[PDB]
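Note: the block below is input-v3.cif and it holds mmCIF, N, CA and C atoms and all ligand atoms.
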```cif
data_input
loop_
_atom_site.group_PDB
_atom_site.id
_atom_site.type_symbol
_atom_site.label_atom_id
_atom_site.label_comp_id
_atom_site.auth_asym_id
_atom_site.auth_seq_id
_atom_site.Cartn_x
_atom_site.Cartn_y
_atom_site.Cartn_z
ATOM 1 N N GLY V 1 -61.365 45.666 -1.523
ATOM 2 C CA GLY V 1 -61.135 44.620 -0.544
ATOM 3 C C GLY V 1 -59.996 44.951 0.400
ATOM 4 N N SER V 2 -59.929 44.233 1.517
ATOM 5 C CA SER V 2 -58.884 44.459 2.509
ATOM 6 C C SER V 2 -57.969 43.244 2.621
ATOM 7 N N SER V 3 -56.710 43.489 2.969
ATOM 8 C CA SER V 3 -55.733 42.416 3.108
ATOM 9 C C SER V 3 -55.221 42.329 4.542
ATOM 10 N N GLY V 4 -54.714 41.156 4.913
ATOM 11 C CA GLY V 4 -54.199 40.963 6.256
ATOM 12 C C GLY V 4 -53.754 39.536 6.505
ATOM 13 N N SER V 5 -54.711 38.662 6.802
ATOM 14 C CA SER V 5 -54.411 37.261 7.069
ATOM 15 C C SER V 5 -53.404 36.719 6.058
ATOM 16 N N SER V 6 -52.303 36.171 6.564
ATOM 17 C CA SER V 6 -51.261 35.619 5.707
ATOM 18 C C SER V 6 -51.251 34.095 5.776
ATOM 19 N N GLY V 7 -51.127 33.565 6.989
ATOM 20 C CA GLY V 7 -51.106 32.125 7.170
ATOM 21 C C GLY V 7 -52.409 31.469 6.758
ATOM 22 N N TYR V 8 -52.497 30.158 6.950
ATOM 23 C CA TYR V 8 -53.697 29.411 6.590
ATOM 24 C C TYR V 8 -54.406 28.889 7.836
ATOM 25 N N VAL V 9 -55.732 28.824 7.770
ATOM 26 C CA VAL V 9 -56.532 28.341 8.890
ATOM 27 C C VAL V 9 -57.543 27.296 8.434
ATOM 28 N N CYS V 10 -57.777 26.299 9.280
ATOM 29 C CA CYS V 10 -58.722 25.234 8.966
ATOM 30 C C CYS V 10 -60.127 25.795 8.767
ATOM 31 N N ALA V 11 -60.936 25.087 7.986
ATOM 32 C CA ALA V 11 -62.305 25.512 7.718
ATOM 33 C C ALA V 11 -63.290 24.809 8.646
ATOM 34 N N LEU V 12 -62.803 23.807 9.368
ATOM 35 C CA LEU V 12 -63.641 23.052 10.293
ATOM 36 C C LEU V 12 -63.318 23.414 11.739
ATOM 37 N N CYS V 13 -62.101 23.095 12.165
ATOM 38 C CA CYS V 13 -61.665 23.387 13.525
ATOM 39 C C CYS V 13 -61.236 24.846 13.658
ATOM 40 N N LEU V 14 -61.065 25.511 12.521
ATOM 41 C CA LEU V 14 -60.656 26.912 12.509
ATOM 42 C C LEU V 14 -59.316 27.095 13.211
ATOM 43 N N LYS V 15 -58.380 26.192 12.934
ATOM 44 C CA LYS V 15 -57.054 26.254 13.536
ATOM 45 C C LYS V 15 -56.020 26.737 12.524
ATOM 46 N N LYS V 16 -55.163 27.656 12.954
ATOM 47 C CA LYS V 16 -54.123 28.199 12.088
ATOM 48 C C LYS V 16 -52.970 27.213 11.938
ATOM 49 N N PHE V 17 -52.287 27.276 10.800
ATOM 50 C CA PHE V 17 -51.160 26.388 10.534
ATOM 51 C C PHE V 17 -49.982 27.164 9.952
ATOM 52 N N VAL V 18 -48.838 26.495 9.841
ATOM 53 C CA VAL V 18 -47.636 27.120 9.301
ATOM 54 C C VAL V 18 -47.707 27.227 7.783
ATOM 55 N N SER V 19 -48.194 26.168 7.142
ATOM 56 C CA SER V 19 -48.312 26.141 5.689
ATOM 57 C C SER V 19 -49.612 25.467 5.262
ATOM 58 N N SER V 20 -49.872 25.469 3.958
ATOM 59 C CA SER V 20 -51.083 24.861 3.420
ATOM 60 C C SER V 20 -51.070 23.349 3.623
ATOM 61 N N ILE V 21 -50.063 22.691 3.058
ATOM 62 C CA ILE V 21 -49.934 21.244 3.179
ATOM 63 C C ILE V 21 -50.152 20.790 4.618
ATOM 64 N N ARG V 22 -49.392 21.373 5.539
ATOM 65 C CA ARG V 22 -49.503 21.029 6.951
ATOM 66 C C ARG V 22 -50.959 21.058 7.404
ATOM 67 N N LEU V 23 -51.739 21.957 6.814
ATOM 68 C CA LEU V 23 -53.151 22.088 7.158
ATOM 69 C C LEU V 23 -53.991 21.059 6.408
ATOM 70 N N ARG V 24 -53.642 20.821 5.149
ATOM 71 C CA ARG V 24 -54.363 19.860 4.325
ATOM 72 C C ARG V 24 -54.399 18.489 4.993
ATOM 73 N N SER V 25 -53.222 17.908 5.205
ATOM 74 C CA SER V 25 -53.119 16.596 5.832
ATOM 75 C C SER V 25 -53.830 16.581 7.181
ATOM 76 N N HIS V 26 -53.709 17.680 7.919
ATOM 77 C CA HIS V 26 -54.340 17.795 9.229
ATOM 78 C C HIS V 26 -55.827 17.461 9.146
ATOM 79 N N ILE V 27 -56.454 17.846 8.039
ATOM 80 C CA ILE V 27 -57.874 17.587 7.837
ATOM 81 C C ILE V 27 -58.118 16.132 7.452
ATOM 82 N N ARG V 28 -57.052 15.441 7.063
ATOM 83 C CA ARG V 28 -57.150 14.041 6.670
ATOM 84 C C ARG V 28 -56.905 13.123 7.863
ATOM 85 N N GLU V 29 -56.241 13.653 8.885
ATOM 86 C CA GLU V 29 -55.939 12.880 10.084
ATOM 87 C C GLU V 29 -56.845 13.295 11.240
ATOM 88 N N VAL V 30 -57.078 14.598 11.363
ATOM 89 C CA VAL V 30 -57.926 15.126 12.425
ATOM 90 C C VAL V 30 -59.394 15.120 12.011
ATOM 91 N N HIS V 31 -59.654 15.507 10.766
ATOM 92 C CA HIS V 31 -61.016 15.544 10.246
ATOM 93 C C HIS V 31 -61.274 14.365 9.313
ATOM 94 N N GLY V 32 -60.198 13.786 8.788
ATOM 95 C CA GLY V 32 -60.330 12.656 7.888
ATOM 96 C C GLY V 32 -61.413 12.867 6.847
ATOM 97 N N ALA V 33 -61.148 13.752 5.892
ATOM 98 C CA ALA V 33 -62.109 14.043 4.834
ATOM 99 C C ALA V 33 -61.910 13.114 3.642
ATOM 100 N N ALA V 34 -61.311 11.956 3.894
ATOM 101 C CA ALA V 34 -61.064 10.978 2.841
ATOM 102 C C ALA V 34 -62.062 9.828 2.914
ATOM 103 N N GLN V 35 -63.168 10.054 3.615
ATOM 104 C CA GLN V 35 -64.201 9.035 3.763
ATOM 105 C C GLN V 35 -64.697 8.561 2.401
HETATM 106 ZN ZN ZN Z 101 -58.921 21.132 11.376
#
```
Target format structure tokens, applied to this file:
Amino acid sequence: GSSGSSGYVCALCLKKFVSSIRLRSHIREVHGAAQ
């Protein structure tokens, strides 16, 4: 396997973030996966 990508990226909007949490909540406010 190959390595590279360090940061985290959304699975829907495909947007990169600073940390995991910052991305998690983003999906709850932007994507709101708490339906
Ligand atoms: Zn997103």
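The space separating CA of residue 13 (chain V) from atom C of residue 35 (chain V) comes to 18.8 Å.
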message: ligand ZN 101 (chain Z): which residues are within 6 Å, counting only N, CA and C atoms and all ligand atoms? Reply as a ChimeraX atom specification.
response: /V:10-15,26-27,31
- request: Name the residues that the PyMOL selection byres (((chain V and resi 2-8) around 6.5) and not hetatm) picks from the file above, as a count of residues only, using the file's chain letters and numbers.
  value: 9
Backbone DSSP call of strand (DSSP E or B) for chain V, listed as a PDB file with N, CA and C atoms, in the frame of the given file:
```
ATOM      1  N   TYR V   8     -52.497  30.158   6.950  1.00  0.00           N
ATOM      2  CA  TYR V   8     -53.697  29.411   6.590  1.00  0.00           C
ATOM      3  C   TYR V   8     -54.406  28.889   7.836  1.00  0.00           C
ATOM      4  N   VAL V   9     -55.732  28.824   7.770  1.00  0.00           N
ATOM      5  CA  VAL V   9     -56.532  28.341   8.890  1.00  0.00           C
ATOM      6  C   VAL V   9     -57.543  27.296   8.434  1.00  0.00           C
ATOM      7  N   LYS V  16     -55.163  27.656  12.954  1.00  0.00           N
ATOM      8  CA  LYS V  16     -54.123  28.199  12.088  1.00  0.00           C
ATOM      9  C   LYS V  16     -52.970  27.213  11.938  1.00  0.00           C
ATOM     10  N   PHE V  17     -52.287  27.276  10.800  1.00  0.00           N
ATOM     11  CA  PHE V  17     -51.160  26.388  10.534  1.00  0.00           C
ATOM     12  C   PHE V  17     -49.982  27.164   9.952  1.00  0.00           C
TER      13      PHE V  17
END
```
message: DSSP on the backbone: which residues in chain V end up as helix (DSSP H, G or I)? Give the answer as a list in words.
response: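 Result set for chain V (helix (DSSP H, G or I)): residues 20, 21, 22, 23, 24, 25, 26, 27, 28 and 29 of chain V.
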For region 14-33 of chain V, what centre and edge lengths in Å (one decimal) does the axis-aligned box get once 6 Å is added on each side of all its listed atoms, as JSON?
```
{"center_x": -54.9, "center_y": 20.4, "center_z": 8.3, "size_x": 26.5, "size_y": 27.5, "size_z": 22.5}
```
